[PDB]
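*Asks:* Experimental coordinates for this protein are included below, preceded by the sequence.
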Amino acid sequence: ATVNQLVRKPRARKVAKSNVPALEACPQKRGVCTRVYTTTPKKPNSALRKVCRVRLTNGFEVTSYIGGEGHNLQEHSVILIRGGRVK
Amino acid sequence: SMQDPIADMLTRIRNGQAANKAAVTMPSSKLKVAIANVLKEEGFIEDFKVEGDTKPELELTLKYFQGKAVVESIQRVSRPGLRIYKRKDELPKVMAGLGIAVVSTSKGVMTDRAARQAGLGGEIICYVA
RNA sequence: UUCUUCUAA
RNA sequence: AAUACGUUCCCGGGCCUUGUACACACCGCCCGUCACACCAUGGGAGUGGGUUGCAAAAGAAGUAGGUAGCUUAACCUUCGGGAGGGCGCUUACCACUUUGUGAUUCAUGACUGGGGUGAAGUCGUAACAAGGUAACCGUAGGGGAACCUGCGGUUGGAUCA
RNA sequence: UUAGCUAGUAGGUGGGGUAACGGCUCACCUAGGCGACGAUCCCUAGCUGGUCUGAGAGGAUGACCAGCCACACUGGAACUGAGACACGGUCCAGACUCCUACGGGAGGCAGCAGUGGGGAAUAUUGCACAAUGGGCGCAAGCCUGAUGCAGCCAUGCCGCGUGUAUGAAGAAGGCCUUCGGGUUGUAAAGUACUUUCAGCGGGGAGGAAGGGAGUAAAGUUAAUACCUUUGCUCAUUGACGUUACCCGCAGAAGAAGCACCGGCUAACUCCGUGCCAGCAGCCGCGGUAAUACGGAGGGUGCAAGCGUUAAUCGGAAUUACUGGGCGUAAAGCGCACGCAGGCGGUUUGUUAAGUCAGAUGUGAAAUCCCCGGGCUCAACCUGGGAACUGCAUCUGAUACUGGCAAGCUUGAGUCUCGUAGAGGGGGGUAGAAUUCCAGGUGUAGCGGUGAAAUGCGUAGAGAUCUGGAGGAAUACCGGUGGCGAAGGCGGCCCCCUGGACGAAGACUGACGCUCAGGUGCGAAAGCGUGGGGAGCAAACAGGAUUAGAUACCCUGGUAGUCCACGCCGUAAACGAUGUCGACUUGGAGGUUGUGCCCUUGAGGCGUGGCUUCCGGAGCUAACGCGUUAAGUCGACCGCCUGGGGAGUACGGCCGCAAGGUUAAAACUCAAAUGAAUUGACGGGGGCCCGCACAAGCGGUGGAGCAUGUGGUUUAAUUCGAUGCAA
RNA sequence: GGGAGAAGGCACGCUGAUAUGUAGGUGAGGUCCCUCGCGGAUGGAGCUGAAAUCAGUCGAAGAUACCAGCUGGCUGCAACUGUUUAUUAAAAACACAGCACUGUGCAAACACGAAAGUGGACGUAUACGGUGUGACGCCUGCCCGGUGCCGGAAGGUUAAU
């Protein structure tokens, strides 16, 4: 913290990354349904969370949670994702 | 070892207040007297007694008020590793001006409120409050 | 001298 | 009736004390193979791209230089020519393009290395109390697995007519 | 985890070249040039005014406006011209598209529209040069997809509505309920009033001023030709346009919706639902009574919008310049050396560099700020101001920091006498022990463990004495001692050698500190050759042990431990506290000096060095530290930034190797963590008690039957209790 | 150290100029010293003579003939230079430096020799003989029951006597 050390080396402010990189700084991105299925969550909760494996515009293959209760989703379907993790 | 007599001086003032001593002595310098002749004038010490022939020794008298001390704070602004040169407009106000800031300009050593009325800035030594 | 373990609210 | 010396041990309870990663509280917490499942990744015979170095090849157009040749309204002029220009010639430079060799980066890759993760498996129980062989650092060896052992160090360890 | 780079390179001379200077180009010399103040290489990028956030410091950012730059199918090249390497010029090569009678040609929206494409997503083959300009022309004019307009999107910022009063029967109805009521709710209904806007109908500025023609006079000239200048008339010029604004008209009319209510954070009930369906920014809700799911009611928040996602700062002091920390919560290199580096005692002059002050220049406009003005306000427009935190120059200033000289001695360093010491190497030398060998004596066991056993013994061990050999370590001293920077160093003697301290002095003149990179030292184990090998001892072997025992135990036993010379370079290398200063209450010691007082004894008064415990202030999250600071301040270096991944991968480096070293990322979690408190627990420690044990006696469990339970069976064997405490 | 002549690419004639012979080599006659010589300096005539540049110039081609390496990538085995089946087999076979074991105290062990004697060796354990392995790097685990070898002398067995 001596200023000579501060002269020889600047304060490296830490660089943070996105947790949602597949959108690549976009609000929403178009996607293609690849597999629609359910998934059991981790220990404190017990459900069958409806979820779909998605091929995106940029070739990314991601999973994205189906909100709500009940849907009409097929594979090979055009959807749109907004973000947000599921805990 | 000896990187400053000034930071030696202010700390010997600082540790003498808490030690409740009446007389803090040290070897004297030309710049040391030029500061010590301000704080008597500004009313933060009572007496300084510069003596010594082969080597001058400055002996101070600490000002105490109502039992406790007068020097509530004593700092160092321009340290030897980092000097401070502020203009006449960037002169500070120690404890909203209630304390004083010792600045050395080309017109010797004075306080900041005198230096504002002198209208010329310089090197800020320390803060005394 | 010897001597182990107790699932998930 | 017998018998009680006694409090060493056993079972339980109380009190002071210490340790402590325990706190639905030692019937506590806890570990690592292994089995299964999930997630990304290392390596990897290779494979397919991208970028670029390097060494040369390459020589369109263009311009510049030279120019045997062909040619040539103003100007000189004996009217013959003079210079110049044109055209072509070749030279210089250089684009396109080619060769080899590297380098770098991405993708991919049978297989393989660990890693992390599990609301139930199997094996043992190492650490937490002196955790029942005090614990741990180095380093070396051994071993299904936690680990074990040797040497040295640390206390971030308990005990005391 | 990019360290070397450069040959026209770098410089010169000469020639050439360009508007201009110059490897600009060429020739010839010279070998220079550059780089750790990051060259080089890689990745990304138009730059600034500004914009956004922030209290500021800063951070991010460059659409719109500007200033600059670059590009124009791609790659090339010149041309022309004052100005081009030319979006809408040429020429060549390429690609693609198109035409062709197949010989050939043509083509460039990153102009304005538009089409396709891509995409989460971004408008009309819109109109009009009236104004503002721009090009040409004497003018008139001509052109302008520059420009002014309209459409298009709640894209944003503003301004405005969707009425106002009254109205309790607290209406109906809804919801809820203690069934009493409550709430919706003055809300609506009703009553009175208003007509903004939109609509409709009618009216009606500014942007149109200039200029243009006809005219008059003056100037100019021979001119009253012309022309120029200044007055005068005729006409104008509007795309927007049905403008801005003004009156009628009619009625409450035509005009409100999203999000939210578990806490965080403003606002709850009811019902469905039952770890399902789901919810979810976080903590977390749902496993039949959910304020967290879904619905309803009610309420909260906003509003022509309301939400979600994306994206940036803030909060975040969470990189701490302002404004952090490193004893144990992440973090001080294992120490020492030392260059560059940064930093500097004291005093005098000098210098005026830094610094400060003043003055000039510039810091474009816009923007922001301040004071105004204008649009009915506001948004917006705009006047003036300040500001633009700078830089350049000039004039000062002299305290400090430098620069330059001279000094001084406190810092620092010698000289002089001594002092203590496991300080270092080298070579000897002892004495016990152990082992082994040999012998005497002697006899039946020895050894080991909790028990054993493996083992050793009658082939005479063990034991005992005597002799000899060998290696290794050096009892007692010995010490919370000593020395060394640490790592560390332990018999004695000799040889060589280091460091420290003290004492009186003498001298030197600041000679100092720290130190990236570098250099050396650096435990143990390990490595390499040689040697040596008593004891001990990984591995290994046997014996136990146990459910198992690759362990703990035993009996063995090899590397290894020792030496010589080299490599490795890590240790909880710890005081988990980097080095050198200065200040700041004490007490009790240890060790080592050195004065004084009669040493009046092993005494007292001093004065040093080093070290141990305690502990005041102070500090600390506490624990603690506490003059040897974890107190107060100085200088410089090293390091830290949630946990796992991980000091690992991948490269480099070094090494014989082992590895050392440098050092990530993906992914994953909302914890990890430190001290300290209260319990609990300990195969922890004390103290006490109980038919708890021991001391006793009788039983149960064997038998038969009674009774109850389980199980089985039944049409049914009703139900409940089920360690102790059924 | 190498790999590596890696690979790959460029120049090559002749004539002229530079310079009608240059760089260089050789080196007289001169000149001076001279202890005067089978001298030393100086001095350069002479001869001899590369290499390069520049500019020409010829062919289809200029290291023109003769002469004179095919390179690259992976892997087996042996480290290598070596040695060999004269006369169908040149290697992975042998040898090898290296490693390990073992023997041997000199009148050595051992070998050739009925013997004498000689080699060993005019060497003396850092020596020599034998066997196995075959550089270098990392290494080299377990079993002595068997077969050998070594050590033991208690007892059993037992020759000539």
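*Replies:* Alright, I've got the coordinates. Residues are numbered from 1 along each chain as shown, chains lettered A, B, ... in the order given.
*Asks:* Quick check: the gap between the closest residue to residue B:90 other than its chain neighbours and RNA strand D.
*Replies:* Once flanking residues are discounted, residue B:90 sits nearest to residue B:121: 6.9 Å by C-beta to C-beta, 6 or more residues apart in numbering or on different chains. Heads up, the C-betas are built off the backbone N, CA and C, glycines and all. Counting by C-beta to the nearest atom of the strand, to the nearest Å, the separation of residue B:121 from RNA strand D is 53 Å.
*Asks:* Next: residue B:103.
*Replies:* 50 Å.
*Asks:* which helices and strands sit right next to whatever helix or strand residue B:117 lives in?
*Replies:* Take DSSP states H and E as the rule and residue B:117 turns out to sit in helix B:112-118. If you count contacts as 3 or more C-beta pairs under 8 Å, 6 or more residues apart in numbering or on different chains; DSSP states H and E, helix B:112-118 packs onto strand B:100-104.
*Asks:* can you list contacts of the strand it packs on?
*Replies:* B:31, B:34-35, B:38, B:42, B:44, B:77, B:86, B:91-94, B:109-113, B:115, B:121-129 (C-beta atoms under 8 Å, 6 or more residues apart in numbering or on different chains).
*Asks:* does it come close to RNA strand E?
*Replies:* Yes - counting by C-beta under 7 Å from any atom of the strand, RNA strand E has neighbours in strand B:100-104: residue B:104.
*Asks:* List the strands paired with that strand, with their directions.
*Replies:* strand B:109-111 (antiparallel), strand B:122-128 (antiparallel) (DSSP bridges).
*Asks:* so how far is it from its chain's centroid?
*Replies:* 8 Å (C-alpha atoms, centre = their mean, to the nearest Å).
*Asks:* can I get the CA coordinates of it in CSV?
*Replies:* Presented in CSV, the C-alpha positions along strand B:100-104 are these (Å, rounded to 0.1, in the frame of the first residue of the first chain):
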residue,chain,number,x,y,z
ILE,B,100,-4.7,25.5,12.5
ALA,B,101,-2.6,24.2,9.6
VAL,B,102,1.1,25.0,9.5
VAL,B,103,2.2,26.0,6.0
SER,B,104,5.6,27.1,4.9
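*Asks:* residues touching the residue nearest the centre of chain B, list them.
*Replies:* By C-alpha atoms, centre = their mean, chain B has its centre lying nearest to residue B:35, at 5.0 Å. Residues near residue B:35 by C-beta under 8 Å, 6+ apart: B:6, B:9, B:102, B:109, B:125, B:126.
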